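Everything below concerns the one structure shown next.
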Amino acid sequence: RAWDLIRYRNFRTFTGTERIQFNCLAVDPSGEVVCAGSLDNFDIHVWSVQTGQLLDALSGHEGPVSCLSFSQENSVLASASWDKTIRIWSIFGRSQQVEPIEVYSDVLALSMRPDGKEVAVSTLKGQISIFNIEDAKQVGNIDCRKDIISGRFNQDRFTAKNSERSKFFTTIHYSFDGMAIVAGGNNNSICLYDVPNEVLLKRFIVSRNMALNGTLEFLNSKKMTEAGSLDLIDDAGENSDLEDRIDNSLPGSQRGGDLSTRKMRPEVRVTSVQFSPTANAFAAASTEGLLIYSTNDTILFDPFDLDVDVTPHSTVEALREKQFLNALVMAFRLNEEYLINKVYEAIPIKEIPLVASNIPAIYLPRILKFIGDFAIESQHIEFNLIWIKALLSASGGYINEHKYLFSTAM
Amino acid sequence: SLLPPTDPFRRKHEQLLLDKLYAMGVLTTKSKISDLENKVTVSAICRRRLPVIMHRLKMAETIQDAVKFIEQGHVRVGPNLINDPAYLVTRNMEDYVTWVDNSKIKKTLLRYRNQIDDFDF
Amino acid sequence: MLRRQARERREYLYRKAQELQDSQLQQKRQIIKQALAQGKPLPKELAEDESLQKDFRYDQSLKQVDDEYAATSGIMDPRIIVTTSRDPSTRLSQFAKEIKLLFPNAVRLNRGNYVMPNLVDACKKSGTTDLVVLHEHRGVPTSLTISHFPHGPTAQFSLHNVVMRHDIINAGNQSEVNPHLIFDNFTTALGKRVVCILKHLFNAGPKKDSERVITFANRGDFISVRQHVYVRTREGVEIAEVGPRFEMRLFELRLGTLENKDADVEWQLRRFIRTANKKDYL
Amino acid sequence: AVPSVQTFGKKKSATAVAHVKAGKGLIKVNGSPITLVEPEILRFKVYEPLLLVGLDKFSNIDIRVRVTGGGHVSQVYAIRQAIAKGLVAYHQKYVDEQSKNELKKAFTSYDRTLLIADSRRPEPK
Amino acid sequence: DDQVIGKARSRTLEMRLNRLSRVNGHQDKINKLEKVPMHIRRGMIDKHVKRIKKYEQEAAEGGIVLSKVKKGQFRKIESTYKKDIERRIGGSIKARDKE
Amino acid sequence: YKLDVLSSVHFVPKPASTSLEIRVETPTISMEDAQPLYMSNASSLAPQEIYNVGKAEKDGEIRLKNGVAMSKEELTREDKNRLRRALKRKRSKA
RNA sequence: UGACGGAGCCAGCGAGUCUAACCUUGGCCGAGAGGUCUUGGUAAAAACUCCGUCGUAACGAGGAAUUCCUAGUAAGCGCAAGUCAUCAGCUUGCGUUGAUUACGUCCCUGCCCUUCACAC
RNA sequence: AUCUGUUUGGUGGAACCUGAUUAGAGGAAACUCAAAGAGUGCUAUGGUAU
RNA sequence: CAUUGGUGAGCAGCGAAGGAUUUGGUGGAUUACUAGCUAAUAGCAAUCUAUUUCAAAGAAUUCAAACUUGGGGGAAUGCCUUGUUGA
Ligand SMILES: [Mg+2]
Ligand SMILES: [Mg+2]
Ligand SMILES: [Mg+2]
Ligand SMILES: [Mg+2]
Ligand SMILES: [Mg+2]
Ligand SMILES: [Mg+2]
């Protein structure tokens, strides 16, 4: 179904001929073609947005389709399956072509480089493999089985270490700069990897609640008796009110029903993860909800290219002596917000166009980020718009040449 | 049944009910409407439990032995491991029932035929 | 998929076995329905069968193209691959092209070292509906086999009086419009089965004024195949041959893909039976 | 039990079975050293793994490759695939996983065929 | 036939099939009274006779005219149709009829 | 519901059907949930949906979808033929 | 981009107590039928890699016109089977070695189709 | 005997078919603990109670 | 010739008043450390209980109360509802 957010009308609806359930979808950059995949049909359906007709069914997969994605630039379609394969479909153009690339194990998720030149895929073996689309050859690999933290469920009869329940990442996404991958799975960890050096930048624990089933690797020995785990004992009858005692559970249900139906504790799991297009933050859907991790606080001291002569005192002196360009530059090298904010607001309007044309190109990304975060909630709108008018006019050509560095700031 | 026979609503819903139950695997044939009372039984549902289906797919010797492998975490349906031996498998999902990749059982299967490749594992 | 294809075929065979068992019961219900309308008494066996009468109340509420084709009959246009045997002579390659032009939705594929299980499996992946293989003898086409995916049937034919279009001077180019179909003198149950196989290679829904007509005329088991282009005149119809001409005689029909040499034989031509000459099956 | 791992390489009909066990760099193909593998012109192809990751790693293992089927060229490709997969598998099982990653990265950097089967499956068009 | 719904459709379908079967179906097989213990059925028969006697006596004292019934068979009052007593007690006492 | 939950919601979807829904013009803000914020303020109907140029009310006039209106008196004879033919083809397709 | 010889070495299909010559010279045994022996004529994995030697009447790679062909494709090599129709003046399978050039364009030649938001 | 290859006995138990059974089928120990079945032994004796 | 088959007989090498395998019991952890009992604004911890009783407060016509049932057909005698007879 297509929704219009302007009028909140379901302005069109697509459905397959064979009555097939859909689990993954992708939308063309032009907003004129929509493709969906299924776990029952082994084919990728395609529809034309304007008409609603089923343009074509793409076939070639010998297993269910697990994820899809379009290239924002090249407009090719990458599809991965449990067929241990990935296929690149050049649907647009006079000739249709398919370029399959094989993989060691089942593919579960897929992420497309914003440039559109590479694709990362998470496999059941616990690997994030990066491939180059035009050459159809591997360019990198990142091991992830050891990083993934998975807990022992209370009902389980086997250790978490030996467990193979979830040592793989069912969702991944790139950072818009393109240098980082954030991954999540049916597990108790959200891992953030760095693509170029294939290393774990940081790991986050999703939850620390023992109401959820999968939080703990090691469970307390005291909880057993000759019967078994204490917590598996159902004490619903002890509840005084009838509605608490009544059990509506179906014996074999796993998902898709109310909490009452399943009869088993919810399991900590991250279905999807994404980076913020406009801020340095990422959101991860889980059982408890959308955990939004952000870098906004920035109490860290992360200086850039210091010398002994740079100091919070010196920059204030550079401001008093009316050396603004130095004062702003020394502000960035320290990379302190309160110091940047002061220097930003003390530059007179007559001097902004001169300062902007002389900011070193290396610091241009930082100022654009700072203006963006400050302007949303600041009160100096005409002051900001004067700056942005200055920067874009001065360094518009540079911003154009390196888009994927300045994308989030822009 | 009590609705009149030529009734179009009686036509549609009974076809829908058979198709759903047939897809779930509770009903083996979708030809006769009379099966809804004669051939709908608890055992018709029980036969679709994961322990029973593995036994029919010969993945185990007996239903008791099929259960023990579920509680031991050897059996997967799709890429999701299952320890619940009451998981009902639709007709469609009977095809993805398979051993876990690192399972000692797969090592015995592949070793028995001398087809073990340690790269995969 | 391979697990998918295996189980689907197993269920379908099981459905046939039950349907053959159900055939007796269906007639029993037909008798009960007629008795109620006419008021005529039921036969003795049905009278004493309490289980059937109880079942009848539910089964009172009950009500063509063949089963393999029923799912896609008139919905999805057929996808056709025309290939040949290994190392074809030029004439067979020319004839294989003519067959491709015959079916609107056909594509010619070269069989150089393709293995048959690989050939059928490759086509099953790509959603191919029908596969056609042609053989030849000294540059004369001899046999034609039509294999419907995913699970048959495979029908085999032998060609006689083959006249390709390249044997004509200044013939011109063909018309590739979705052509009308004529099937004449197919009477027996087997004959309908052959019409059912040949009919579904073509796209459904030709335009009423479509100017290309393909005729399969049975004359003593020898299906004449002709292609004509017609112009409606003020006082009749005038037609011209486009070709190719050839005569097909069925000699096998199996419930399976052409790869499966062990597939059940739905019908076969018995040539050494005493009474072979007397009856024409199609 | 001595540590040992087993791998298969396949190219067309050619199939190669490699056993890699703790040893002394005693490597043999069909019961003979590698240096006698034929045809001579393609011998360095079978040397591709040995030279890439360095002979030092093989100094602590013995490799036995038994090859059947296919022709000369497919046999050679089966041999090299089997050797590479066996080396990586043993390094995974009984050596650090860091060396496993290094080996895989070097191989997939040179030619991915050493690790993934090259199956030119038919594609209709 | 198309309009009738509810228990009427089920009961009517049963009566028709019985009316068609009885010529060719052997008497013992075609009509079998559902198993009920002794003390219950004798209670059901005793009362059903009692209502029929009251229904007949009330009509006799009045002028009402009632449809004829064979000597053995139970008169078929409204209660028979609603309460479906016939399946349980049966049309008549077979043992007395045989004697 | 019970069967779908029992099968872990890997059922087969129901056959498609077509139904009619009536939409009332309303400020878009009403359709949202109750909070001190609104996302859009446009109407719930598009400008075409309020009014689309249709038939000429006067039989003499001819009115097209582009909004061009025409009285039969002004039209020269050739235009009348051309428009009549245009009508013929439009009706034929429908 | 040869010939001769030697050496090394690599496949996959296929398993019906069923698989396969002809015409002669004579000896012996046998009532015969025939049996046995003797006798002359006629017919009936390859590529690849290494080593050694020689040595560069018709026809010497096929005109005009015309046909086919896009990846395990064109082309080269052998090995099997002969599966109620066809085939041995051969047909069908199997593996081995395996490329160049395009994968765009509607310019020509043919065929075909057309005249529920936002934005246009 | 790089002779011959049937038979007796041992080992093993493909396919089809038939029958029985089924939280697979067994095994061992006992001054062990239970729930049942059959048989056998015992003056087993108030016809109306010192 | 090969065993990445079993069972043994011995070396090289490692090598501080020995070495190796298996197992029963208890103790501490496996959630983030504000003390025990009682009739609890304090007593007791050796208990009192020979003051532990009196007083005060405290009773919905909700005078309702299976949210708890496998499907089909019934239900003599029961039970529920409604009306009726006579006290
Ligand atoms: Mg093209
Ligand atoms: Mg060729
Ligand atoms: Mg050849
Ligand atoms: Mg041929
Ligand atoms: Mg211990
Ligand atoms: Mg009831």
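By convention in this document, the chains of the structure tokens carry letters A, B, ... by their order, each chain's residues are numbered from 1, and ligands are numbered from 1 in the order they are shown.
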Show me which residues line ligand 5, defined as having an atom within 10 Å of a ligand atom where only C-alpha atoms (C1' of nucleotides) and all ligand atoms count, and present them as a ChimeraX atom specification.
/I:23-25
Output the contact residues of chain A with respect to chain D at a cut-off of 9 Å, based on only C-alpha atoms, as a short mmCIF file (atom, residue, chain, number, x, y, z; two decimals) with N, CA, C and O atoms, in the first residue's frame.
data_model
loop_
_atom_site.label_atom_id
_atom_site.label_comp_id
_atom_site.auth_asym_id
_atom_site.auth_seq_id
_atom_site.Cartn_x
_atom_site.Cartn_y
_atom_site.Cartn_z
N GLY A 60 14.27 -16.24 -11.07
CA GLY A 60 15.67 -16.61 -11.11
C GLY A 60 16.16 -17.09 -9.76
O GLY A 60 17.21 -17.72 -9.67
N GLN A 96 17.25 -6.27 -20.26
CA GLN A 96 17.27 -6.75 -18.88
C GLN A 96 18.45 -7.70 -18.73
O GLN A 96 18.69 -8.54 -19.61
N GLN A 97 19.18 -7.56 -17.63
CA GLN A 97 20.33 -8.39 -17.35
C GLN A 97 20.32 -8.79 -15.89
O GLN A 97 19.79 -8.08 -15.03
N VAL A 98 20.92 -9.95 -15.60
CA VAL A 98 21.03 -10.47 -14.25
C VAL A 98 22.45 -10.95 -14.04
O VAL A 98 23.02 -11.61 -14.91
N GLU A 102 27.58 -15.59 -5.84
CA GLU A 102 27.33 -16.61 -4.84
C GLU A 102 27.91 -16.20 -3.50
O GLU A 102 28.79 -15.35 -3.42
N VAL A 103 27.40 -16.82 -2.44
CA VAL A 103 27.82 -16.52 -1.08
C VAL A 103 27.90 -17.83 -0.30
O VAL A 103 27.31 -18.84 -0.68
N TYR A 104 28.66 -17.80 0.79
CA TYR A 104 28.94 -19.02 1.53
C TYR A 104 27.69 -19.62 2.15
O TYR A 104 27.58 -20.85 2.25
N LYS A 137 32.63 -8.61 -7.57
CA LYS A 137 33.67 -9.28 -6.81
C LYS A 137 33.68 -8.75 -5.38
O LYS A 137 33.36 -7.59 -5.13
N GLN A 138 34.07 -9.62 -4.46
CA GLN A 138 34.13 -9.23 -3.06
C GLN A 138 35.21 -8.20 -2.83
O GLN A 138 36.27 -8.23 -3.46
N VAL A 139 34.95 -7.27 -1.91
CA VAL A 139 35.90 -6.24 -1.55
C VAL A 139 36.27 -6.27 -0.07
O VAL A 139 37.32 -5.73 0.30
N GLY A 140 35.46 -6.88 0.78
CA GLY A 140 35.77 -6.92 2.20
C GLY A 140 34.96 -7.99 2.90
O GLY A 140 34.06 -8.60 2.32
N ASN A 141 35.31 -8.22 4.16
CA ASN A 141 34.57 -9.15 4.99
C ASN A 141 34.82 -8.80 6.45
O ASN A 141 35.91 -8.36 6.82
N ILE A 142 33.79 -8.99 7.27
CA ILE A 142 33.83 -8.66 8.69
C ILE A 142 33.23 -9.83 9.45
O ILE A 142 32.08 -10.20 9.21
N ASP A 143 33.99 -10.39 10.38
CA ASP A 143 33.47 -11.44 11.24
C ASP A 143 32.62 -10.84 12.34
O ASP A 143 32.96 -9.80 12.91
#
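Residue neighbourhood of residue 220 (chain C), excluding near-sequence residues (fewer than 2 positions): residues 184, 185, 186, 187, 191, 217, 218, 222, 223, 224, 247, 248, 249, 250, 277, 278, 279, 280, 281 and 282 of chain C, at 12 Å, using only C-alpha atoms (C1' of nucleotides).
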Quick check: residues of chain C within 8 Å of chain B, only C-alpha atoms, returned as a JSON list (two decimals) with N, CA and C atoms, in the first residue's frame.
[["chain", "number", "residue", "atom", "x", "y", "z"],
["C", 3, "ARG", "N", 12.89, -29.09, -2.75],
["C", 3, "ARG", "CA", 11.97, -29.66, -1.78],
["C", 3, "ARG", "C", 10.54, -29.23, -2.08],
["C", 4, "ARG", "N", 10.35, -27.99, -2.56],
["C", 4, "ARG", "CA", 9.02, -27.53, -2.95],
["C", 4, "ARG", "C", 8.47, -28.34, -4.12],
["C", 15, "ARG", "N", -3.59, -36.61, -4.67],
["C", 15, "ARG", "CA", -4.92, -36.10, -5.00],
["C", 15, "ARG", "C", -5.57, -36.94, -6.09],
["C", 55, "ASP", "N", -23.67, -37.49, 5.42],
["C", 55, "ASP", "CA", -22.71, -36.70, 4.67],
["C", 55, "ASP", "C", -23.40, -35.86, 3.61],
["C", 56, "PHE", "N", -24.52, -36.34, 3.08],
["C", 56, "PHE", "CA", -25.13, -35.67, 1.94],
["C", 56, "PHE", "C", -25.55, -34.25, 2.29],
["C", 57, "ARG", "N", -26.04, -34.04, 3.51],
["C", 57, "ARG", "CA", -26.50, -32.71, 3.89],
["C", 57, "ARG", "C", -25.39, -31.68, 3.72],
["C", 58, "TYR", "N", -24.17, -32.03, 4.12],
["C", 58, "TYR", "CA", -23.05, -31.13, 3.88],
["C", 58, "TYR", "C", -22.66, -31.15, 2.41],
["C", 59, "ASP", "N", -22.60, -32.34, 1.82],
["C", 59, "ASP", "CA", -22.16, -32.50, 0.45],
["C", 59, "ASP", "C", -23.27, -32.27, -0.56],
["C", 60, "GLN", "N", -24.48, -31.94, -0.12],
["C", 60, "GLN", "CA", -25.46, -31.39, -1.05],
["C", 60, "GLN", "C", -24.93, -30.10, -1.67],
["C", 61, "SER", "N", -24.06, -29.39, -0.96],
["C", 61, "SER", "CA", -23.58, -28.09, -1.41],
["C", 61, "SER", "C", -22.29, -28.26, -2.22],
["C", 62, "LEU", "N", -22.45, -28.82, -3.42],
["C", 62, "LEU", "CA", -21.34, -29.02, -4.33],
["C", 62, "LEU", "C", -21.77, -28.71, -5.76]]
When you draw a straight line from CA of residue 152 (chain A) to CA of residue 211 (chain A), how long is it in Å?
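A separation of 13.1 Å between them.
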I need the contact residues of chain B against chain A, so if you could list those with any atom within 12 Å, counting only C-alpha atoms, and return them as a PDB file with C-alpha atoms, in the first residue's frame, that would help.
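Writing done, so here's selection_31.pdb:
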ATOM      1  CA  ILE B  45      -3.784 -30.904  14.041  1.00  0.00           C
ATOM      2  CA  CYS B  46      -1.278 -32.939  16.051  1.00  0.00           C
ATOM      3  CA  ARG B  48       1.414 -31.073  11.861  1.00  0.00           C
ATOM      4  CA  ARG B  49       3.514 -30.551  14.983  1.00  0.00           C
ATOM      5  CA  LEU B  50       7.254 -30.315  14.385  1.00  0.00           C
ATOM      6  CA  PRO B  51       8.078 -33.593  16.202  1.00  0.00           C
ATOM      7  CA  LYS B  68      14.717 -34.700  22.113  1.00  0.00           C
ATOM      8  CA  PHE B  69      16.476 -33.023  19.191  1.00  0.00           C
ATOM      9  CA  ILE B  70      14.190 -29.986  19.461  1.00  0.00           C
ATOM     10  CA  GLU B  71      14.881 -29.566  23.170  1.00  0.00           C
ATOM     11  CA  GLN B  72      18.568 -30.032  22.341  1.00  0.00           C
ATOM     12  CA  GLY B  73      18.475 -27.184  19.826  1.00  0.00           C
ATOM     13  CA  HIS B  74      19.353 -29.110  16.665  1.00  0.00           C
ATOM     14  CA  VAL B  75      16.303 -28.275  14.532  1.00  0.00           C
ATOM     15  CA  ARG B  76      15.696 -25.031  12.648  1.00  0.00           C
ATOM     16  CA  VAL B  77      12.737 -23.774  10.633  1.00  0.00           C
ATOM     17  CA  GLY B  78      14.047 -21.210   8.211  1.00  0.00           C
ATOM     18  CA  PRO B  79      16.967 -19.337   9.807  1.00  0.00           C
ATOM     19  CA  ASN B  80      15.201 -19.422  13.207  1.00  0.00           C
ATOM     20  CA  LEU B  81      16.080 -22.090  15.754  1.00  0.00           C
ATOM     21  CA  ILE B  82      13.083 -23.631  17.523  1.00  0.00           C
ATOM     22  CA  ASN B  83      13.019 -25.318  20.931  1.00  0.00           C
ATOM     23  CA  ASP B  84       9.221 -25.500  21.171  1.00  0.00           C
ATOM     24  CA  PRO B  85       8.133 -29.046  20.209  1.00  0.00           C
ATOM     25  CA  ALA B  86       4.560 -27.776  19.701  1.00  0.00           C
ATOM     26  CA  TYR B  87       5.389 -25.562  16.729  1.00  0.00           C
ATOM     27  CA  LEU B  88       2.747 -26.155  14.067  1.00  0.00           C
ATOM     28  CA  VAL B  89       4.253 -26.250  10.573  1.00  0.00           C
ATOM     29  CA  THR B  90       2.041 -25.184   7.705  1.00  0.00           C
ATOM     30  CA  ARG B  91       2.361 -27.162   4.493  1.00  0.00           C
ATOM     31  CA  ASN B  92       4.574 -24.421   3.096  1.00  0.00           C
ATOM     32  CA  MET B  93       7.045 -24.339   5.976  1.00  0.00           C
ATOM     33  CA  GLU B  94       7.580 -28.108   6.055  1.00  0.00           C
ATOM     34  CA  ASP B  95      10.158 -27.480   3.333  1.00  0.00           C
ATOM     35  CA  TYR B  96      12.524 -25.317   5.394  1.00  0.00           C
ATOM     36  CA  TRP B  99      19.226 -29.224  10.974  1.00  0.00           C
ATOM     37  CA  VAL B 100      21.286 -26.442  12.499  1.00  0.00           C
ATOM     38  CA  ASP B 101      24.445 -25.747  10.511  1.00  0.00           C
ATOM     39  CA  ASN B 102      26.963 -26.663  13.227  1.00  0.00           C
ATOM     40  CA  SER B 103      24.851 -29.529  14.554  1.00  0.00           C
ATOM     41  CA  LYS B 104      26.731 -32.681  15.478  1.00  0.00           C
ATOM     42  CA  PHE B 119      35.055 -25.183   5.257  1.00  0.00           C
ATOM     43  CA  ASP B 120      31.269 -24.919   5.468  1.00  0.00           C
ATOM     44  CA  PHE B 121      31.257 -25.673   9.202  1.00  0.00           C
TER      45      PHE B 121
END
Using only C-alpha atoms (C1' of nucleotides) and all ligand atoms, find each residue with an atom at most 9 Å away from ligand 3 and format the answer as an MDAnalysis selection string.
(chainID C and resid 86:87) or (chainID G and resid 77:78)
Report, in Å to a single decimal, how far apart CA of residue 182 (chain C) and CA of residue 244 (chain C) are.
15.8 Å
Using only C-alpha atoms (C1' of nucleotides) and a cut-off of 7 Å, which residues of chain A sit close to chain I? Please list them as a ChimeraX atom specification.
/A:218-221
Taking the DSSP secondary structure from the backbone, can you list the residues of region 59-276 of chain C that are strand (DSSP E), as an NGL selection string?
:C and (80-84 or 106-108 or 130-137 or 140-148 or 154-163 or 180-184 or 212-219 or 222-233 or 236-241 or 245-255 or 264-268)
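Taking CA of residue 167 (chain A) and CA of residue 288 (chain A) as the two end points, the separation is 20.9 Å.
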